[PDB]
Every structure is written in structure tokens, then in C-alpha cells.
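What follows is a set of notes on a single structure, which appears directly below.
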Amino acid sequence: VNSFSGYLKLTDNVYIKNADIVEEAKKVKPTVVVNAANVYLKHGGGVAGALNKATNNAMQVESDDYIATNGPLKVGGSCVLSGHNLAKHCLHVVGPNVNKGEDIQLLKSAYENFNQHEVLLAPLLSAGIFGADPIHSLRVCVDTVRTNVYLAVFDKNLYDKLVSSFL
Ligand SMILES: c1cc(-c2ncc[nH]2)ccn1
């Protein structure tokens with residue numbers, strides 16, 4: 001049993017809910033929240049800006065030190081950093097940004113990072129301001145992630161379309 005409430009079950013391991021991922025994390029304090037990161041961990045807007053704002057910029061301060069030591073992530077890669085006031089840990093995952101011309105085949109690699117964690121609260125990778133088709137992102141999630149993932153879809157309209165169209 002876990003703390004996640006009000007999710008629709010899509011598969012054995014994937015659950016979905018209409019919610020702002022920032023609002024959720026504060027209530028549940030999950031072991032892992034996933035950030036929709038970029039390779040520079042520059043959390044300016046979208047999921048990353050909203051998560052970072054909720055940490056009072058502490059996520060950005062920690063991220064800048066990480067990049068100064070380790071250099072940029074890979075597209076499709078990830079790192080584990082603090083969850084600050086939102087979660088125990090934040091898994092920063094880089095999905096391909098279609099609005100930068102990145103290979104959408106990298107979306108599966110991105111979701112493979114989730115399999116290193118037994119339970120996660122996450123957004124749909126490469127969705128929102130990353131520009132991918134969220135219906136596609138949900139299909140790759142279901143076909144790639146084997147661990148227990150609780151997805152948050154910010155747009156009520158999009159949430160209803162994701163559920164209604166789910167095979
Ligand atoms: C994009 C933005 C957000 C967000 N939460 C609060 C303000 N903006 C959440 C998910 N995707």
C-alpha cells in the first residue's frame with residue numbers, strides 16, 4: 001500500500017491523475033519526484049521552473065553545483081539529487097526536446113531511468129513545453145517503465161484525452 005490518492009489505474013504498474021506535479025509532491029512527499037530536466041539543469045519554466053520555484057530556488061543552487069562538478073547530462077539520461085521540501089529525492093530526467101530537434105527515439109531511453117526506482121511521482125516526459133505528443137509519451141511510459149509510476153497530467157483537458165484514448 002502507498003500514499004497516492006485518486007489515481008486511475010491504467011496498467012499493473014502505471015497510474016494517472018489530473019494534478020499539478022508541484023502541488024502533488026507537497027502533499028505526498030514521495031521517495032522520488034521526477035523533474036522534466038534539460039541537460040544543463042536550468043530549471044526556467046515548465047515542470048522544472050515550477051518544481052524549482054516551490055523549493056525557493058534551492059533546486060537550482062544544488063543543480064548549478066552538480067553541473068560545475070560533472071558537466072551536462074545526456075539527452076535520455078538522468079541524475080539523482082535532493083528532493084528538498086518536495087520529496088526525499090528528485091530524479092532529474094532529460095527527455096528529448098522536439099522544439100530543439102532531438103531524436104524522439106530517445107524518449108524510451110529517458111523512461112528507462114525510472115526502472116532504477118521502485119515508486120515514482122512523475123510528469124509525462126517530453127510533454128508540456130518539451131513539445132512531444134503526450135499520447136505518445138504515455139504509450140512509451142507504459143511500454144518501458146516496469147516500476148510503479150504515478151503520473152500527473154497538468155491539463156484537465158489533456159488528462160481526459162489521455163484516459164479516453166488509452167489502449
Ligand atoms: C508545467 C507547469 C506546471 C506549473 N505548476 C505550477 C505552475 N506551473 C506544472 C506542470 N507543467
Side-chain angles (χ1 to χ4, degrees), residues 2-26 28 30-54 73-79 86-87 89-166:
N2 65 53
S3 164
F4 289 102
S5 178
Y7 287 70
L8 169 73
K9 182 172 182 56
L10 294 174
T11 70
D12 181 58
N13 67 297
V14 178
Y15 294 78
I16 194 165
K17 184 187 181 174
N18 173 222
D20 164 21
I21 187 176
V22 182
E23 267 347 309
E24 251 320 88
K26 274 197 289 185
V28 176
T31 306
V32 180
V33 65
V34 174
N35 181 33
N38 59 54
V39 295
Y40 306 109
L41 302 179
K42 286 173 55 91
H43 309 304
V47 168
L51 290 170
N52 175 61
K53 177 177 177 188
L73 300 177
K74 299 173 176 176
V75 179
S78 70
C79 68
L86 305 179
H89 305 285
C90 180
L91 181 70
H92 294 273
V93 180
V94 185
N97 189 326
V98 176
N99 306 316
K100 303 178 175 175
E102 296 169 350
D103 166 24
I104 193 61
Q105 300 303 138
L106 285 169
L107 187 53
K108 188 171 183 76
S109 300
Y111 272 117
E112 288 171 342
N113 298 288
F114 288 26
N115 289 321
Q116 298 295 318
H117 303 278
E118 288 194 350
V119 183
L120 315 88
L121 171 62
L124 286 167
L125 300 179
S126 297
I129 73 176
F130 278 56
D133 174 6
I135 295 179
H136 175 66
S137 182
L138 179 55
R139 181 33 60 191
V140 177
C141 180
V142 160
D143 294 346
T144 306
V145 180
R146 298 177 299 285
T147 58
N148 292 325
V149 57
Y150 289 85
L151 294 169
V153 184
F154 190 85
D155 198 54
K156 170 60 171 155
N157 185 291
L158 174 60
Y159 170 83
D160 286 349
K161 181 172 139 128
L162 285 167
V163 168
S164 289
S165 57
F166 183 69

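Below, each value reflects all heavy atoms present in this structure, side chains not excepted, and no hydrogens, waters or symmetry copies. We number each residue from 1, following the sequence as shown.
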Worked verdict on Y15 versus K9 for side chain to side chain donor-acceptor pair (under 3.5 Å): CA-CA 4 Å; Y15 294 78; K9 182 172 182 56; 2.7 Å; yes
Identified side-chain contact (heavy atoms from CB on, under 4.5 Å) partner of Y111 from the options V142, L124, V149: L124
Non-hydrogen atoms of [X] and [Y] that approach each other most closely:
X	Y	answer
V47	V34	CG1-O, 4.5 Å
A152	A19	CB-O, 3.8 Å
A110	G95	CB-CA, 4.0 Å
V22	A54	CG1-CB, 3.5 Å
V153	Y159	CG1-N, 3.5 Å
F166	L10	CE2-O, 3.7 Å

From CA spacing to verdict: side-chain contact (heavy atoms from CB on, under 4.5 Å), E24, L86: CA-CA 9 Å; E24 251 320 88; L86 305 179; over 6 Å; no
Listed partners of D143 passing side chain to side chain donor-acceptor pair (under 3.5 Å), at least two apart: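 Listed in chain order: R139.
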Residue pair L121, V32: steps toward the side-chain contact (heavy atoms from CB on, under 4.5 Å) verdict: CA-CA 6 Å; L121 171 62; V32 180; over 6 Å; no
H43/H92 aromatic ring centres below 6.0 Å: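 Yes.
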Validation row: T31, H117 side chains within 4.5 angstrom (heavy atoms): no
Side chain proximity check, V98 to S126, heavy atoms < 4.5 angstrom: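 Contact flag for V98/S126 side chains = no.
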Under the salt bridge (charged side-chain N to carboxylate O under 4.0 Å, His left out) test, residues paired with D133 that sit two or more places apart: none
Atom CG of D12: over 12 foreign heavy atoms under 6.0 Å: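 Open.
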Residues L91, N35; criterion side-chain contact (heavy atoms from CB on, under 4.5 Å); working and verdict: CA-CA 6 Å; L91 181 70; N35 181 33; over 6 Å; no
Selection residues 150-166 - residue pairs positive for salt bridge (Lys or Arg N to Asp or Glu O under 4.0 Å), sequence neighbours left out: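 Sorted result for residues 150-166: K156-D160.
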